Amino acid sequence: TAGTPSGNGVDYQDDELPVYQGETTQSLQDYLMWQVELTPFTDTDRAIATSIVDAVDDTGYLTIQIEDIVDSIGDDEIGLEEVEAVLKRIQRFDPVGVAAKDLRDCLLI
Amino acid sequence: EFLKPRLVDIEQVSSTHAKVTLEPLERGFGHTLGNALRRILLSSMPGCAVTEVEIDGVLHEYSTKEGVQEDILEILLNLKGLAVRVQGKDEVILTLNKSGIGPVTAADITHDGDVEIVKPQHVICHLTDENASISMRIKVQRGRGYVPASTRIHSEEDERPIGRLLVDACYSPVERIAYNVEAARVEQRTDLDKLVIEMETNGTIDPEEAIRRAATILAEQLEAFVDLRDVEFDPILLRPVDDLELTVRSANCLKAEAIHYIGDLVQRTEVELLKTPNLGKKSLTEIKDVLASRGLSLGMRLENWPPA
Amino acid sequence: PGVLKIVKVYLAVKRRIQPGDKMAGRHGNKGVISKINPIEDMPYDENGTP
């Protein structure tokens, strides 16, 4: 070998009986649920927020329909009128434009 | 009822060494004027120092120049010791070009309009072959104390190009100060003291001018003791409430509930705002829908609410 | 076989002396810096050298 790359960074748990253990990582939904916990939401609002955050793809788009979100709740007084309000509140999060219905929604938000 | 010291017998040993005498002094005042003067003169005297350099080929400090004996870091450390005396300006640029053999010194710095090189035999660089040249631009500024190059950031407000050679600035022309109190030759008076001050500098500041500057600083500082006497912000808030484009029924309801600003509203919880007459479950979600597009959830908590 | 290109970058920094730093002589006398004192506060001799 004319040239050799430097060894990549590796680690292993020392002074611990279950060797190598593990490490937690932050994802898009994990970082979105963190913001949901720190905003003023009611119980039903928090439930709707979790429901629509679970449906966010890696791109951050909303793969499931709003009507399907309303169906998933299956709760009275949880029509699309308030699901939309919670959806807009979530769309106005740190990755601005996340959880958007389609491409037009991203640009408009 | 106290005698006042006079500036007499100022004698200059060398271009840097000098002696200053204050002939008439009372019993204890010798040290009070002295130690104060030493502290002022060692701490806060104005001067001029090299601030940054621009060599042709070199773009940083950890490089080398072909034909030059010393590294760029050593050249910058040499330039840090360059002593100049500018008049009427604070940002003179000292262009320097020299091609050939032998040490390069301030002497061969291009003769500026009003810039004095106190010692022209101060070497800064060495050339080692005939077909080599050095060309650099040196910026000199006026200041008061030690200003490290790393500690200053306002210079980075405008982006500096790759090729700058900034050096720490000291700005202090005084290197050593000693004072001593003797007995005055005045025989008519019972006993008087004489204060002699020895200052060693870099040749940039005059001794008498330095003493005058220190005394002026002391007087301005003492001016305070002569007569001691003495014995809801974020722009989205504080916005007109008719900026949310609410429905008709909300306008009277908000007016009825004395909601006139944006911040006061976001302080209202769902359960207590529902108690307002004819609010409407669907109309309440309309209020929340609009405030959600702004990013303003209901139930916030501000501390002080101004009338504006 | 996997590797297609390698790029190596070198950075240089200057470490300013600071109190939290550790100093020693060569007789077993170590210590950390507690304060960086202005020049007019240090003890000086009759010639004015601190």
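Heavy-atom basis, side chains included; hydrogens, waters and symmetry copies ignored. Every chain is numbered from 1 and lettered A, B, ... according to where its sequence line falls, protein lines coming before strand lines.
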Student: Would you find more than 12 non-hydrogen atoms of other residues, nucleotides or ligands less than 6.0 Å from B:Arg152 atom CZ?
Tutor: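 Result for CZ/B:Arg152: enclosed.
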
Student: side-chain contact (heavy atoms from CB on, under 4.5 Å), that's the test. Do C:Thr49 and B:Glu200 meet it? Break it down for me.
Tutor: CA-CA 11 Å; C:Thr49 297; B:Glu200 171 99 42; over 6 Å; no

Student: Looking only at atom types and distance, does a side-chain atom of B:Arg176 sit under 3.5 Å from a main-chain N or O of C:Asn47, one as donor and one as acceptor?
Tutor: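 Checked: pair present.
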
Student: Evaluate the salt bridge (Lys or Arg N to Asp or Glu O under 4.0 Å) criterion for residues C:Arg16 and B:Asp168: first the C-alpha distance (whole Å), next the side-chain angles of each, then the deciding distance (0.1 Å), finally the verdict.
Tutor: CA-CA 12 Å; C:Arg16 299 273 297 180; B:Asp168 287 1; 2.9 Å; yes

Student: Establish, for the pair B:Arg38 and C:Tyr44, whether the NZ or CZ atom is under 6.0 angstrom from the six-membered ring centre and no further than 45 degrees off its axis.
Tutor: yes

Student: So for atom CD, which belongs to B:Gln69, do other residues, nucleotides or ligands contribute more than 12 heavy atoms lying within a distance under 6.0 Å?
Tutor: no

Student: Is chain C contacted by the side chain of B:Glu61, its backbone, both, or neither, given a heavy-atom distance below 4.5 Å?
Tutor: side chain

Student: Which distance, rounded to the nearest 0.5 Å, do you find between the NZ of C:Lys14 and the OH of B:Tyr62?
Tutor: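 Those atoms lie 4.0 Å apart.
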
Student: Answer whether the closest heavy-atom distance between the side chains of B:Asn35 and C:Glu40 falls below 4.5 Å.
Tutor: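 No - every pair of side-chain heavy atoms lies 4.5 Å or more apart.
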
Student: Identify which part of B:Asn180 has an atom lying under 4.5 Å from any heavy atom of chain C, answering side chain, backbone, both or neither.
Tutor: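 B:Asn180 has no heavy atom closer than 4.5 Å to chain C.
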
Student: Answer yes or no: are there more than 12 heavy-atom neighbours, outside B:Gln221 itself, under 6.0 Å from its atom CD?
Tutor: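 Check fails, neighbour count at 12 or below.
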
Student: What is the distance from atom CD1 of C:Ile39 to atom OG of B:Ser43, rounded to the nearest 0.5 Å?
Tutor: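 Atom-to-atom, C:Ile39:CD1 and B:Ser43:OG are 11.5 Å apart.
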
Student: Give a yes or no on whether B:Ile162 atom CD1 has more than 12 heavy-atom contacts from other residues, nucleotides or ligands under 6.0 Å away.
Tutor: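 Atom CD1 in B:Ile162 is not packed in, count stays at 12 or less.
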
Student: For the CD atom on B:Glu66, are there more than 12 heavy atoms of other groups (residues, nucleotides or ligands in this structure) within a distance under 6.0 Å?
Tutor: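 No, CD of B:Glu66 has 12 or fewer neighbouring heavy atoms, counting only those of other groups under 6.0 Å.
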
